[PDB]
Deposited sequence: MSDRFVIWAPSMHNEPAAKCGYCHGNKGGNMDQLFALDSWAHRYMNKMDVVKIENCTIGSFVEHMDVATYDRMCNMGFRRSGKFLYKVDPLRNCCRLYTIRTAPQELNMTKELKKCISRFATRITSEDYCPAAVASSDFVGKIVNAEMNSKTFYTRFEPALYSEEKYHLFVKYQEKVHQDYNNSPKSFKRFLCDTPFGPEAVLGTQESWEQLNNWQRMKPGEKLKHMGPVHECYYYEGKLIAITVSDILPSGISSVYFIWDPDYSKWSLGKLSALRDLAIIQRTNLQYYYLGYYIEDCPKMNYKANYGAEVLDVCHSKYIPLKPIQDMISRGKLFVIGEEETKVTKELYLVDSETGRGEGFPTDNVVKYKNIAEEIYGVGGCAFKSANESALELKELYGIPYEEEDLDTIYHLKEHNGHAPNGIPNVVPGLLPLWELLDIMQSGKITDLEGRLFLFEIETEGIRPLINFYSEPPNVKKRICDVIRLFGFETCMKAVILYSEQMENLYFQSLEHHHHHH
């Protein structure tokens, strides 16, 4: 039925300071601009089926999904960096640009008969809700992420007049915002769970929200469709896929209004977090730890789209940091009061002199020579010049992968992992990792390095040789 993670073998995809992750690299390559160029490149996997608990985990590993494509950015080599951000309704610093946004929303959707019922000065949920229930002109409908003409036509308009994007077809809209790697129950649900989500303003703290999975939230004003939020509703909260709005309603700040509404929906449905990616008392994911760190101390760096690795700097590390497989993607945080202050140690691992590289290459040599897995030395010289790189922040470091081979842990996949060579009959159990051919071991390594050993134990890997 669902707990199986059914995925195509992962790979580097084409395109699904300011451009350098570390000042190390920028300093030695700008005055020398013309000789290099920098990829735009995702790493990821086409997912045929996954449940939403697993995607919740992948989310908190810093993955996002575009349609059925589960992916992340190489935070070291790519021209731009993606940050996974989570916020809760209560950590939202209610600035006034937000308070103004909410306030004009309220007056536009309400009448003149009534006005804010002694609501608190920054209770954005209370104003948002009670304005909406005392409104005759504005509402929203949560519905299944399914194609329709009205939705596509608004999408096209938003794409053209807000992104100068004339590359639209229904097929392309379908693939991006209606195709999902989830099963039919998570997509279509039941009338009763749709009816409860659409009554989220009437939900109280006892209640547990029943619909989990992808949704389209349609905004209607005076019977006209003016925005669509595409969102994944997960056990821990809401992950934001995309937001479409009509250019005509630009002076509504529908971008900001949607985010607050999403958070008010988080609160009233007794869910926990709102996940932005796509970039306050927010928290940003350190992917080298797979934990969150409070945002404001290191806005110093997302400001400049820069790669950061939180550390204490008691020594200068000599290896990429150790990821605990039970702990990855669980959204743990760092400790609150540390005797040390946290420094960003990314240059000592991943910069020009960085330790990660020869440690990777020494392991690739043992990976190939001792276990017959085709890894080879990369980046000995710089990182700017096939497949997933040996060193990628947030992927399992090779020295650690190598310990799975050498300890025998790798054989734990024997009897749990399945392989689907798509030109053969069909699925076959993994019976002897070491007796598999090299390009199969490599794929298994890649899934391990990317989605983690636990998830790989419930994986079915689709591949075609040659």
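- Going by the record, the unmodelled stretches of the deposited sequence, in order, are 17-31, 295-306, 413-421, 503-518.
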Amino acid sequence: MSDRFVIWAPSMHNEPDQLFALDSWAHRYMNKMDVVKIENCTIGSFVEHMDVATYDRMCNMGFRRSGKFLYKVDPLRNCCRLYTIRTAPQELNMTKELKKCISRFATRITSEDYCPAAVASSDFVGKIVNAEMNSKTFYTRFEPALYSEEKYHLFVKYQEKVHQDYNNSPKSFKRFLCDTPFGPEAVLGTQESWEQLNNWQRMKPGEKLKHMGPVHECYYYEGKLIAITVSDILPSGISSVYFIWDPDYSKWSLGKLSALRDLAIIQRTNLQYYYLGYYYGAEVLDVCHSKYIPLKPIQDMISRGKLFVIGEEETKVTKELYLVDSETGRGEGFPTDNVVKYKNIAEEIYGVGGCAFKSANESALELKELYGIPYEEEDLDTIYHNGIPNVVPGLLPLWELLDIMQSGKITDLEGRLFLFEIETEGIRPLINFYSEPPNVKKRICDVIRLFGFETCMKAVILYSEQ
From here on, numbers count along this sequence of modelled residues.
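- Looking at mean Cα B-factors across 195-203 and 146-154, the upper value is held by 195-203.
- Stretch comparison (332-340 versus 209-217) by mean CA B-factor in the PDB entry places 332-340 on top.
- Looking at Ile388, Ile228, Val317, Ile298, the one whose CA carries the top B-factor in the deposited record is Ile298.
- The PDB entry gives the largest Cα B-factor of the residues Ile349, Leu307, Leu92, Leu365 to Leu92.
- Sorting the modelled residues of the chain by their CA temperature factor places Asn40 in the highest third.
- Per the deposited record, the Cα B-factor of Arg64 falls in the middle third when ranked against the other modelled residues of its chain.
- Sorting the modelled residues of the chain by their CA temperature factor places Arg86 in the lowest third.
- Residue-level temperature factors show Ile422 in the middle third of its chain, judged at the C-alpha atom.
- The PDB entry assigns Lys442 a C-alpha temperature factor belonging to the middle third of its chain's modelled residues.
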